[PDB]
Amino acid sequence: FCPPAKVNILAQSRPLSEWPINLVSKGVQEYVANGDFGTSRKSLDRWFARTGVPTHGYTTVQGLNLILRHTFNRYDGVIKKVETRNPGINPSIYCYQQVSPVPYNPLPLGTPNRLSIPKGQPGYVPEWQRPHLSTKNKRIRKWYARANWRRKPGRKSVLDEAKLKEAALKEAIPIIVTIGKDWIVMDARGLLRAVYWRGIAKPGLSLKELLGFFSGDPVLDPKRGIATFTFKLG
RNA sequence: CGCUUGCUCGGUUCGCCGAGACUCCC
DNA sequence: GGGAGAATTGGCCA
DNA sequence: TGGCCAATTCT
């Protein structure tokens with residue numbers, strides 16, 4: 001079993017459902033045809049351009065075997081499900097080996113000390129009571145974590161999109177997925193928490209060693225602003 | 001042994017701390 | 001209600 | 001030479 005993972009995107013060149021891989025994978029399900037489907041580029045040429053369905057400058061052998069082969073199983077199986085008892089046009093951009101994520105180019109502990117920060121600076125712990133806390137090696141939420149600023153009738157807060165949210169991109173961990181013209185930068189601290197949650201120690205993890213524990217084929221979601229990874233057999 | 005993002009739920013001096021899952025998608 | 005790889009290889013110009 | 005982007009593969 002491959003456990004899942006969930007990471008947040010940061011920036012995109014153009015609107016989500018406007019990349020040409022999506023513009024190719026979208027019409028396939030509507031179309032489904034010849035049936036001349038093969039990994040070989042020659043067979044792929046025949047199935048797509050020749051049969052009739054338009055291609056938006058896409059010819060990758062993997063990028064057309066992860067959407068055509070999926071669609072036929074989408075048009076099938078449900079018939080088998082109709083047989084078993086006796087639809088959505090997914091822009092789920094299934095990334096492949098050739099577009100595997102790599103860390104950004106032109107691990108830190110975070111807050112090294114909990115009860116030690118100069119007074120008045122951001123992150124400073126309160127003075128009315130420093131003791132009476134708990135020390136069981138639980139997760140540490142950073143001061144800017146909006147999970148700690150949620151609104152309720154009993155809660156008091158002054159939410160600002162700059163003070164709270166812009167503080168994230170300062171110490172973010174960028175990784176890049178490139179299909180040739182479209183670039184997506186996701187936040188890897190989700191992967192950090194996912195790997196520390198299952199048992200792996202801290203500090204031995206660096207660049208080129210976090211992504212290794214996850215599968216190299218993400219499933220980007222050009223809606224909800226989220227991406228999803230999977231681990232390996234380990 | 002060990003824990004930067006997301007989310008659910010509390011009160012608080014408003015500075016911040018206490019508990020929890022991650023098999024998610026159509 | 002279905003999917004969540006990446007090893008080996010073949011063209012390959014500075 | 002070797003180095004990288006695509007192209008081919010089984011279960």
# chains A, B, ... in the order shown; residues from 1 in each chain; ligands from 1
call {"tool": "interface_residues", "arguments": {"of": "chain D", "to": "chain A", "cutoff": "10 Å", "atoms": "only C-alpha atoms (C1' of nucleotides)", "output": "compact mmCIF listing (two decimals) with N, CA and C atoms (P, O5', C5', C4', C3', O3' and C1' of nucleotides), in the first residue's frame"}}
result
# COMPACT_ATOMS: atom_id res chain seq x y z
P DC D 5 17.00 17.20 -19.72
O5' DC D 5 16.03 16.78 -20.92
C5' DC D 5 16.13 17.45 -22.17
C4' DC D 5 15.46 16.64 -23.27
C3' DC D 5 14.00 16.28 -23.01
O3' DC D 5 13.26 16.35 -24.22
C1' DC D 5 15.26 14.31 -23.32
P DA D 6 11.76 16.94 -24.21
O5' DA D 6 10.89 15.76 -24.85
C5' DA D 6 10.98 14.45 -24.32
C4' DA D 6 11.35 13.45 -25.40
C3' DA D 6 10.29 12.39 -25.66
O3' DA D 6 10.29 12.01 -27.03
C1' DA D 6 12.25 11.36 -24.78
P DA D 7 9.05 11.17 -27.61
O5' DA D 7 9.48 9.65 -27.40
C5' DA D 7 10.47 9.06 -28.24
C4' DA D 7 10.73 7.62 -27.84
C3' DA D 7 9.47 6.75 -27.66
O3' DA D 7 9.61 5.54 -28.38
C1' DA D 7 10.89 6.54 -25.79
P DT D 8 8.39 4.49 -28.44
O5' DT D 8 8.85 3.31 -27.47
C5' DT D 8 10.04 2.58 -27.77
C4' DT D 8 10.36 1.58 -26.66
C3' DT D 8 9.23 0.59 -26.32
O3' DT D 8 9.79 -0.71 -26.14
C1' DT D 8 9.97 1.63 -24.38
P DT D 9 8.85 -2.00 -25.99
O5' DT D 9 9.31 -2.65 -24.60
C5' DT D 9 9.31 -1.88 -23.41
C4' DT D 9 9.40 -2.76 -22.18
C3' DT D 9 8.19 -3.66 -21.94
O3' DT D 9 8.60 -4.88 -21.34
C1' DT D 9 8.31 -1.96 -20.25
call {"tool": "interface_residues", "arguments": {"of": "chain C", "to": "chain A", "cutoff": "12 Å", "atoms": "only C-alpha atoms (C1' of nucleotides)", "output": "PyMOL selection string"}}
result
chain C and resi 1-7
call {"tool": "write_last_selection", "arguments": {"atoms": "N, CA, C and O atoms (P, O5', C5', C4', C3', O3' and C1' of nucleotides)", "output": "PDB file, in the first residue's frame"}}
result
ATOM      1  P    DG C   1     -19.895   2.036  -5.133  1.00  0.00           P
ATOM      2  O5'  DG C   1     -18.679   2.301  -6.141  1.00  0.00           O
ATOM      3  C5'  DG C   1     -18.406   1.376  -7.189  1.00  0.00           C
ATOM      4  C4'  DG C   1     -17.583   2.026  -8.289  1.00  0.00           C
ATOM      5  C3'  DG C   1     -16.102   2.194  -7.979  1.00  0.00           C
ATOM      6  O3'  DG C   1     -15.342   2.119  -9.182  1.00  0.00           O
ATOM      7  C1'  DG C   1     -17.106   4.325  -8.193  1.00  0.00           C
ATOM      8  P    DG C   2     -14.397   0.850  -9.471  1.00  0.00           P
ATOM      9  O5'  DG C   2     -13.710   1.200 -10.875  1.00  0.00           O
ATOM     10  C5'  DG C   2     -12.351   0.847 -11.116  1.00  0.00           C
ATOM     11  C4'  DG C   2     -11.644   1.937 -11.900  1.00  0.00           C
ATOM     12  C3'  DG C   2     -10.136   1.975 -11.730  1.00  0.00           C
ATOM     13  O3'  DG C   2      -9.555   2.702 -12.809  1.00  0.00           O
ATOM     14  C1'  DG C   2     -11.065   3.832 -10.652  1.00  0.00           C
ATOM     15  P    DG C   3      -8.055   2.392 -13.299  1.00  0.00           P
ATOM     16  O5'  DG C   3      -7.218   2.251 -11.945  1.00  0.00           O
ATOM     17  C5'  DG C   3      -5.816   2.002 -11.996  1.00  0.00           C
ATOM     18  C4'  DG C   3      -5.031   3.289 -11.819  1.00  0.00           C
ATOM     19  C3'  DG C   3      -4.053   3.283 -10.646  1.00  0.00           C
ATOM     20  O3'  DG C   3      -2.749   2.950 -11.107  1.00  0.00           O
ATOM     21  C1'  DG C   3      -5.563   5.098 -10.416  1.00  0.00           C
ATOM     22  P    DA C   4      -1.642   2.403 -10.079  1.00  0.00           P
ATOM     23  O5'  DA C   4      -1.103   3.723  -9.353  1.00  0.00           O
ATOM     24  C5'  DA C   4      -0.498   4.759 -10.120  1.00  0.00           C
ATOM     25  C4'  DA C   4      -0.273   5.995  -9.269  1.00  0.00           C
ATOM     26  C3'  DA C   4       0.396   5.735  -7.931  1.00  0.00           C
ATOM     27  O3'  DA C   4       1.809   5.746  -8.078  1.00  0.00           O
ATOM     28  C1'  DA C   4      -1.535   7.052  -7.593  1.00  0.00           C
ATOM     29  P    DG C   5       2.689   4.558  -7.448  1.00  0.00           P
ATOM     30  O5'  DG C   5       2.912   3.546  -8.671  1.00  0.00           O
ATOM     31  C5'  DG C   5       3.705   3.932  -9.796  1.00  0.00           C
ATOM     32  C4'  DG C   5       5.170   3.615  -9.557  1.00  0.00           C
ATOM     33  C3'  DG C   5       6.085   4.823  -9.496  1.00  0.00           C
ATOM     34  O3'  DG C   5       7.213   4.527  -8.691  1.00  0.00           O
ATOM     35  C1'  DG C   5       6.531   3.577 -11.476  1.00  0.00           C
ATOM     36  P    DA C   6       8.407   5.588  -8.534  1.00  0.00           P
ATOM     37  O5'  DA C   6       9.522   5.037  -9.532  1.00  0.00           O
ATOM     38  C5'  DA C   6      10.030   3.724  -9.359  1.00  0.00           C
ATOM     39  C4'  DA C   6      10.847   3.293 -10.558  1.00  0.00           C
ATOM     40  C3'  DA C   6      12.070   4.153 -10.849  1.00  0.00           C
ATOM     41  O3'  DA C   6      13.095   3.348 -11.398  1.00  0.00           O
ATOM     42  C1'  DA C   6      10.606   4.244 -12.682  1.00  0.00           C
ATOM     43  P    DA C   7      14.487   3.168 -10.619  1.00  0.00           P
ATOM     44  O5'  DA C   7      15.166   1.918 -11.347  1.00  0.00           O
ATOM     45  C5'  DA C   7      14.529   0.647 -11.319  1.00  0.00           C
ATOM     46  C4'  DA C   7      14.706  -0.073 -12.643  1.00  0.00           C
ATOM     47  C3'  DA C   7      16.051   0.163 -13.323  1.00  0.00           C
ATOM     48  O3'  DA C   7      16.596  -1.063 -13.782  1.00  0.00           O
ATOM     49  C1'  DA C   7      14.269   0.770 -14.788  1.00  0.00           C
TER      50       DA C   7
END
call {"tool": "interface_residues", "arguments": {"of": "chain A", "to": "chain B", "cutoff": "7 Å", "atoms": "only C-alpha atoms (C1' of nucleotides)", "output": "number ranges by chain"}}
result
A: 3-4, 110, 124-126, 128, 133, 138-140, 142, 156-157, 187, 189-190, 193, 196-197, 201-202
call {"tool": "write_last_selection", "arguments": {"atoms": "C-alpha atoms", "output": "PDB file, in the first residue's frame"}}
result
ATOM      1  CA  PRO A   3       0.117   6.055   1.806  1.00  0.00           C
ATOM      2  CA  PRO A   4      -1.043   9.435   0.482  1.00  0.00           C
ATOM      3  CA  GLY A 110      11.948  26.112  12.555  1.00  0.00           C
ATOM      4  CA  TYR A 124       7.183  35.683  21.576  1.00  0.00           C
ATOM      5  CA  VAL A 125       5.551  33.372  24.115  1.00  0.00           C
ATOM      6  CA  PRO A 126       3.297  34.952  26.765  1.00  0.00           C
ATOM      7  CA  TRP A 128       1.335  35.580  32.245  1.00  0.00           C
ATOM      8  CA  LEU A 133       2.217  23.479  29.345  1.00  0.00           C
ATOM      9  CA  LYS A 138       3.764  17.009  20.071  1.00  0.00           C
ATOM     10  CA  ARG A 139       3.544  18.963  16.827  1.00  0.00           C
ATOM     11  CA  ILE A 140       4.633  22.600  17.049  1.00  0.00           C
ATOM     12  CA  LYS A 142       4.256  28.177  14.099  1.00  0.00           C
ATOM     13  CA  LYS A 156     -10.502  37.306  19.765  1.00  0.00           C
ATOM     14  CA  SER A 157      -8.328  38.052  16.735  1.00  0.00           C
ATOM     15  CA  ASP A 187       4.979  23.794  -0.398  1.00  0.00           C
ATOM     16  CA  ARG A 189       6.496  21.405   4.658  1.00  0.00           C
ATOM     17  CA  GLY A 190       3.449  19.192   4.260  1.00  0.00           C
ATOM     18  CA  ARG A 193       5.198  16.780   8.542  1.00  0.00           C
ATOM     19  CA  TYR A 196       7.921  13.046  10.689  1.00  0.00           C
ATOM     20  CA  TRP A 197       4.410  11.776  11.487  1.00  0.00           C
ATOM     21  CA  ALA A 201      13.816  10.917  12.677  1.00  0.00           C
ATOM     22  CA  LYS A 202      14.733  14.572  12.193  1.00  0.00           C
TER      23      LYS A 202
END
call {"tool": "residues_around", "arguments": {"residues": "residue 3 (chain D)", "least_positions_apart": "2", "cutoff": "12 Å", "atoms": "only C-alpha atoms (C1' of nucleotides)", "output": "VMD selection string"}}
result
(chain C and resid 11 to 14) or (chain D and resid 1 5)
call {"tool": "write_last_selection", "arguments": {"atoms": "C-alpha atoms (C1' of nucleotides)", "output": "PDB file, in the first residue's frame"}}
result
ATOM      1  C1'  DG C  11      18.708   9.303 -30.291  1.00  0.00           C
ATOM      2  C1'  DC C  12      22.365  12.408 -29.498  1.00  0.00           C
ATOM      3  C1'  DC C  13      25.243  17.442 -30.489  1.00  0.00           C
ATOM      4  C1'  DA C  14      29.057  20.540 -27.808  1.00  0.00           C
TER       5       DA C  14
ATOM      6  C1'  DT D   1      32.872  11.085 -24.885  1.00  0.00           C
ATOM      7  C1'  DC D   5      15.257  14.306 -23.318  1.00  0.00           C
TER       8       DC D   5
END
call {"tool": "residues_around", "arguments": {"residues": "region 8-14 of chain A", "least_positions_apart": "6", "cutoff": "12 Å", "atoms": "only C-alpha atoms (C1' of nucleotides)", "output": "MDAnalysis selection string"}}
result
(chainID A and resid 20 165:166 168:169 172:191 220:229) or (chainID B and resid 5:6)
call {"tool": "atom_distance", "arguments": {"atom1": "CA of residue 143 (chain A)", "atom2": "CA of residue 123 (chain A)"}}
result
5.5 Å
call {"tool": "atom_distance", "arguments": {"atom1": "CA of residue 24 (chain A)", "atom2": "CA of residue 105 (chain A)"}}
result
29.6 Å
call {"tool": "select_by_dssp", "arguments": {"residues": "region 1-227 of chain A", "states": "strand (DSSP E)", "output": "PyMOL selection string"}}
result
chain A and resi 4-11+93-94+102-103+174-178+183-187+219-221+226-227
call {"tool": "write_last_selection", "arguments": {"atoms": "N, CA, C and O atoms", "output": "short mmCIF file (atom, residue, chain, number, x, y, z; two decimals), in the first residue's frame"}}
result
data_model
loop_
_atom_site.label_atom_id
_atom_site.label_comp_id
_atom_site.auth_asym_id
_atom_site.auth_seq_id
_atom_site.Cartn_x
_atom_site.Cartn_y
_atom_site.Cartn_z
N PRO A 4 -0.93 8.18 1.23
CA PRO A 4 -1.04 9.44 0.48
C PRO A 4 -0.28 10.57 1.16
O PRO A 4 0.33 10.41 2.22
N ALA A 5 -0.33 11.73 0.52
CA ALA A 5 0.25 12.97 1.03
C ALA A 5 -0.50 14.12 0.37
O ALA A 5 -1.23 13.92 -0.61
N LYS A 6 -0.41 15.30 0.97
CA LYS A 6 -1.17 16.45 0.47
C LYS A 6 -0.37 17.72 0.63
O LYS A 6 -0.01 18.09 1.75
N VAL A 7 -0.08 18.41 -0.47
CA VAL A 7 0.75 19.60 -0.43
C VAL A 7 0.08 20.73 -1.22
O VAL A 7 -0.65 20.50 -2.19
N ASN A 8 0.39 21.96 -0.82
CA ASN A 8 -0.29 23.16 -1.29
C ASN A 8 0.54 23.84 -2.36
O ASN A 8 1.75 24.02 -2.18
N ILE A 9 -0.10 24.23 -3.47
CA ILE A 9 0.62 24.95 -4.51
C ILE A 9 0.73 26.43 -4.13
O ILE A 9 -0.01 26.94 -3.28
N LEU A 10 1.67 27.11 -4.77
CA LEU A 10 1.90 28.53 -4.51
C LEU A 10 1.57 29.40 -5.71
O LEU A 10 0.73 30.31 -5.59
N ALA A 11 2.19 29.16 -6.86
CA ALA A 11 2.05 30.05 -8.00
C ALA A 11 1.97 29.24 -9.28
O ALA A 11 2.56 28.16 -9.38
N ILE A 93 -4.22 16.13 -13.58
CA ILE A 93 -3.00 16.04 -14.37
C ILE A 93 -2.07 15.05 -13.70
O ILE A 93 -1.35 15.38 -12.75
N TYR A 94 -2.07 13.82 -14.21
CA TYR A 94 -1.23 12.75 -13.67
C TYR A 94 0.19 12.96 -14.17
O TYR A 94 0.52 12.60 -15.30
N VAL A 102 11.58 18.41 -8.44
CA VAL A 102 12.93 18.64 -7.93
C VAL A 102 12.90 19.89 -7.06
O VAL A 102 12.07 20.78 -7.29
N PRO A 103 13.76 20.00 -6.05
CA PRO A 103 13.78 21.21 -5.23
C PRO A 103 14.15 22.44 -6.05
O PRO A 103 14.90 22.36 -7.02
N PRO A 174 10.35 25.32 -1.43
CA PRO A 174 9.80 25.19 -2.79
C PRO A 174 10.39 24.01 -3.54
O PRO A 174 11.58 23.71 -3.45
N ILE A 175 9.52 23.34 -4.29
CA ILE A 175 9.90 22.32 -5.26
C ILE A 175 9.13 22.60 -6.55
O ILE A 175 8.02 23.14 -6.52
N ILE A 176 9.73 22.24 -7.68
CA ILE A 176 9.23 22.65 -8.99
C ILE A 176 8.87 21.44 -9.83
O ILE A 176 9.63 20.46 -9.88
N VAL A 177 7.71 21.50 -10.47
CA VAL A 177 7.28 20.53 -11.47
C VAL A 177 7.13 21.26 -12.79
O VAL A 177 6.35 22.21 -12.89
N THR A 178 7.88 20.83 -13.80
CA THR A 178 7.94 21.52 -15.08
C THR A 178 7.54 20.57 -16.20
O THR A 178 8.17 19.52 -16.38
N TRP A 183 4.95 25.84 -15.00
CA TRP A 183 5.69 25.57 -13.77
C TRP A 183 4.80 25.74 -12.55
O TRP A 183 4.03 26.70 -12.45
N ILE A 184 4.90 24.78 -11.63
CA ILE A 184 4.13 24.76 -10.40
C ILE A 184 5.08 24.60 -9.22
O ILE A 184 5.89 23.67 -9.20
N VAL A 185 4.97 25.50 -8.24
CA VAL A 185 5.80 25.49 -7.05
C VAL A 185 4.90 25.15 -5.87
O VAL A 185 4.01 25.93 -5.51
N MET A 186 5.12 23.99 -5.27
CA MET A 186 4.33 23.54 -4.14
C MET A 186 5.12 23.70 -2.84
O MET A 186 6.34 23.86 -2.84
N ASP A 187 4.40 23.64 -1.72
CA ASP A 187 4.98 23.79 -0.40
C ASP A 187 5.27 22.41 0.17
O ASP A 187 4.36 21.58 0.29
N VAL A 219 -0.14 13.83 -8.45
CA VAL A 219 -1.44 13.99 -9.09
C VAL A 219 -1.90 15.41 -8.79
O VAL A 219 -2.57 15.66 -7.78
N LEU A 220 -1.55 16.35 -9.66
CA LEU A 220 -1.92 17.73 -9.43
C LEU A 220 -3.42 17.92 -9.62
O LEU A 220 -4.04 17.28 -10.48
N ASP A 221 -4.00 18.79 -8.81
CA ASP A 221 -5.43 19.11 -8.90
C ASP A 221 -5.59 20.58 -9.25
O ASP A 221 -5.46 21.45 -8.37
N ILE A 226 -4.71 22.30 -4.45
CA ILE A 226 -3.97 21.30 -3.70
C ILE A 226 -3.33 20.28 -4.61
O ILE A 226 -3.76 20.08 -5.74
N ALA A 227 -2.27 19.64 -4.13
CA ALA A 227 -1.64 18.58 -4.89
C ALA A 227 -1.57 17.39 -3.96
O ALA A 227 -1.67 17.55 -2.74
#
call {"tool": "atom_distance", "arguments": {"atom1": "CA of residue 51 (chain A)", "atom2": "CA of residue 36 (chain A)"}}
result
9.3 Å
